[PDB]
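>>> Pasting the sequence and an experimental structure:
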Amino acid sequence: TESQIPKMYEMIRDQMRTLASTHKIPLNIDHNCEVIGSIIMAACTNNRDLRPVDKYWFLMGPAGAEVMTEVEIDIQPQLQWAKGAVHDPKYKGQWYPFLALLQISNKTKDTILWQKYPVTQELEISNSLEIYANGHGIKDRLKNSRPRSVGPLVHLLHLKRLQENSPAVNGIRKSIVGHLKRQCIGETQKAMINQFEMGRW
Amino acid sequence: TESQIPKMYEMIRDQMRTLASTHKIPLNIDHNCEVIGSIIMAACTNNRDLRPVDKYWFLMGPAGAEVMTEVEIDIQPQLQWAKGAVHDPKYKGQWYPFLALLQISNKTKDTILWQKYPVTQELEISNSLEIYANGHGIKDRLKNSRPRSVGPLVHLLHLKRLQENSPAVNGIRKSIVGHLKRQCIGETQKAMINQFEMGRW
Amino acid sequence: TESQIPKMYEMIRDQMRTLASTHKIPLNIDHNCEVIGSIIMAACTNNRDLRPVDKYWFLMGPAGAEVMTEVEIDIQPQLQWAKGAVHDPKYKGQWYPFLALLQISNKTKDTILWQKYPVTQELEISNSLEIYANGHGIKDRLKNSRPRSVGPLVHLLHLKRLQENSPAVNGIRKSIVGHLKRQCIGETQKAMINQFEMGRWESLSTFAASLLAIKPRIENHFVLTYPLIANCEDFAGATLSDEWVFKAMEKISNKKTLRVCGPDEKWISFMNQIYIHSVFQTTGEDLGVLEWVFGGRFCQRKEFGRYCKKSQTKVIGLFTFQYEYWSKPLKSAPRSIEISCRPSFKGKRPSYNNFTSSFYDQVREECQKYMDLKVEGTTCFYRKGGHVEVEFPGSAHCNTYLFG
């Protein structure tokens, strides 16, 4: 689990600086790293979502003179490594399991700044339950990679999504339901989770 | 307009020979030139389409012994030079105007070899009009840089395409309509293009 | 916002009297001021609608001998100032924001006298809900200047007009839709106004039903009308969020120099309440509160027949007004929905518990949230003579309205 993490954080960090330093993007602004990293994270799993060349919001300026402007960047060198790292044996298959951790953690700041409750509202439940709705918006393969880190409500939402959406349908639900019970250690919670499986709410 | 033409031609040939002679690709074969040149124009405008290393069809053989094979080539030396010429002030902004002509003329032979009528069929008109559909498949930045060379039907297709699919759209729409109006000097043609901009065909 | 208000009211009145006094148009008749001000306000934004010289209905007569006729006026001296004030740096770009406030308030009298529902009918909803359709008929430049003051239904109508009218439409729509979401704080309504964005008007009748329950915020600013501006001789403390407006136009009522025009003298109380309605935007505000705030009963439109034609309206009496209370104009949501302890400490303290125990449904759920509300507004009212917070005693005319 943690065996690859020492070397695995290295080339993750290597790609962050290569993309920024290529187009004179300072790395001492949080907003530069936040936008750049999300692009790299898109390259890591959602290889078809990000654009190889595009303009994003960055802070351009030397020694405190940084201002908003869009500077075109080239993500193609990071794309080949990221897709090759999906099945790279050097991670012992921990690429997506760590990446599901990576995307969940890195998308937290936007949720805090823009207070939204997507999962709970779609689950017609209380708004204060987003504490249990971790792992929303992540890649579906990533959600399968680390479903334990994905909160029960997102799985419950995916359970509700699957009940409100082929031999592959059950496989998604059973992994969701099993991890739904695994996360919710409540014995009564597990049974009424199993009642959610048939579709009752 | 023609002031920067002499300097562009010399380095294009220099990069034309640099990529070919690096991997022993002779330049007395058109297919070697066309494919390498196709790789060359790939680095010129759509820098992300071509791979830094990739195998392409080439005629390898000394003194007339060329046979069909795929040979991997390294385009990174050519990639760096092309991107620096995009906004180099030495061209006085004529880089994109110069590159649009190159893309149209070289892809013309491919259209000659494989007789296709994409624009006219997509514009539900006679297939004998693809001559007026010159400049199809070119980069939109090139299509804005040299729109006069790009045929009206391509712009009419892009006018149709724009309607089929954003304040920057105006600069795409009004220009494309403008290129249609600038290219078509007919008094009746100019207004009857404008009704295409409205959406009736 | 309120920095240029003290100086903005001064030159509005400067052209108000010059046009009338040039042709000996008395300013003690409201109808003379109503038309002249409409001409002056026309030149402010819709510069090409009015004529440089034209005929309009006024009251010509010295000392109560006024009979209606059409008098030519030279608007050209008044035309130059209005266009130059558009981009004058002295207003700090607040001219359109001020003009949007000015244009909306000055068109109220015609709507009250001639009861029409242009927005709700075009929105195919209940006619009792034109209350949420403020800002109709204003110039699009002003509608983009103070869209917050323009009611959501007008924007929703503009949104409905927008879908029933070129991807440049989005630039207009983002203001239209964005200020729909800003005005309508309904969480279900916002995603359901989003349904109205591409044209899912199946909940449009539900939106009317929602509008009954959930009430969108309506930003307002205390701006006087044409007859009062010409009769107001003080603008030093002229702002938009204090009692200056309440105190300033009370002195005009104390002067008793302005006269109102109507079909017959029974309407003297009606227009005396119309001035109350127009100045503070209290057209849809509860009459019982209106009676309590201003110390006088408000006559509903049902109490009077059809307003006679502008040509045959006649002076029927003097303008009078009184008030005892006021408040800052609405800025945020009036109906704001904004009890359980969460023990965060591993230490021991006595736990306190303050509690003893379809998409249409969600809209109805949020609809019930506002019927179940018993407190509206943001902060409070205030009493005449200061900003001392005053709370309701209640009134009998509650649930009664001008058109209710």
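Perfect, I can see it now. Residues are numbered from 1 along each chain as shown, chains lettered A, B, ... in the order given.

>>> now stretch A:82-89, how far from the centre of its chain.
17 Å (CA atoms, centre = their mean, to the nearest Å).

>>> meant to ask about stretch A:96-111, not that
On CA atoms, centre = their mean, the centre of stretch A:96-111 falls 4 Å from the chain's centre.

>>> Which positions within it qualify as buried?
By 16 or more other CB atoms under 10 Å in any protein chain shown, the buried positions in stretch A:96-111 come out as A:96-104, A:111. C-beta: built from backbone N, CA, C; applies to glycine.

>>> So which of those residues are in helices?
Counting by DSSP state H, the part of these found in helices is A:96-104, A:111.

>>> From the buried residues of stretch A:96-111, pick the one nearest chain C.
Using CB to the nearest CB, residue A:111 is the member of these that lies nearest chain C, at 17.0 Å.

>>> Let's verify the residue nearest to the closest one when sequence neighbours are not counted: helix, strand, or coil?
Excluding the flanking residues, the one nearest residue A:111 by CB to CB, 6 or more residues apart in numbering or on different chains is residue A:130, at 8.0 Å. Secondary structure, DSSP: H, G, I helix; E, B strand; the rest coil: residue A:130 is helix.

>>> Do I have it right that residue A:130 meets residue A:120?
Yes: assessed by CB atoms under 8 Å, residue A:130 is found in contact with residue A:120 at 5.4 Å.

>>> Name the residues contacting each of those two.
residue A:153 (CB atoms under 8 Å, 6 or more residues apart in numbering or on different chains).

>>> that older thread, near the residue nearest to residue A:111, how many other residues are there?
If you count neighbours by other CB atoms under 10 Å in any protein chain shown, residue A:130 ends up with 21.

>>> for residue A:23, same thing?
Using other CB under 10 Å: residue A:23 sits among 13 other residues.

>>> quick one, what contacts it?
Neighbouring residues of residue A:23 by CB under 8 Å, 6+ apart: A:71-74.

>>> Just the buried ones from those, in PyMOL syntax?
Buried residues among the contacts of residue A:23 (16+ other CB under 10 Å), as a PyMOL selection:
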select buried, chain A and resi 73+74
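
>>> closest to chain C among the contacts of residue A:23?
Closest to chain C, out of all of the contacts of residue A:23 and judged by CB to the nearest CB, is residue A:72, at 23.9 Å.

>>> Now the closest one. Nearest residue, chain neighbours left out?
Closest residue in space to residue A:72, ignoring its immediate chain neighbours: residue A:55 at 5.0 Å, by CB to CB, 6+ apart.

>>> host element of the one you found?
If you go by DSSP states H and E, residue A:55 is part of strand A:53-60.

>>> so how far is the first residue of stretch A:142-161 from its last?
With CA to CA, to the nearest Å applied, stretch A:142-161 spans 17 Å between its terminal residues.

>>> Would that stretch count as contacting chain C?
No: Stretch A:142-161 does not reach chain C (CB under 8 Å from any CB of the partner chain); its nearest approach is 14.7 Å.

>>> how about that stretch: buried residues?
A:142-147, A:149-161.

>>> In CSV, please show the C-alpha coordinates belonging to the helix or strand that the strand holding residue A:55 is followed by.
Downstream of strand A:53-60, the first helix or strand assigned by DSSP H and E is strand A:67-74. Output of strand A:67-74 as CSV, limited to C-alpha atoms (Å, rounded to 0.1, in the frame of the first residue of the first chain):
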residue,chain,number,x,y,z
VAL,A,67,-1.9,39.1,-12.4
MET,A,68,-4.7,37.1,-14.0
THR,A,69,-4.1,36.2,-17.6
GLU,A,70,-4.5,33.1,-19.8
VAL,A,71,-1.2,31.6,-21.2
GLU,A,72,-1.3,28.7,-23.6
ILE,A,73,0.4,25.5,-22.2
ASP,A,74,1.4,22.2,-23.7
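
>>> picking that back up, the buried residues of stretch A:142-161: which ones sit near chain B?
Of those, not one also sits near chain B (CB under 8 Å from any CB).

>>> In helices, which of those appear?
Short answer: those in helices (DSSP H) are A:142-145, A:152-161.

>>> Pick out whichever of those sits closest to chain C.
Closest approach between those and chain C, by CB to the nearest CB: residue A:160, at 14.7 Å.

>>> any idea how far residue A:154 is from the closest one?
To residue A:154, residue A:160 is 10 Å away according to CB to CB, to the nearest Å.

>>> Could you do residue A:2 as well?
From residue A:2 to residue A:154 the distance is 25 Å (CB to CB).

>>> give me every residue that touches the residue in chain A positioned nearest to chain C.
Nearest residue of chain A to chain C (CB to the nearest CB) works out as residue A:124 at 7.6 Å. With contacts defined as CB under 8 Å, 6+ apart, residue A:124 is in contact with A:201, C:362.

>>> where does it land in three-state SS?
coil.

>>> what does chain A put close to chain C?
Checking chain A against chain C by CB under 8 Å from any CB, the hits are residue A:124.
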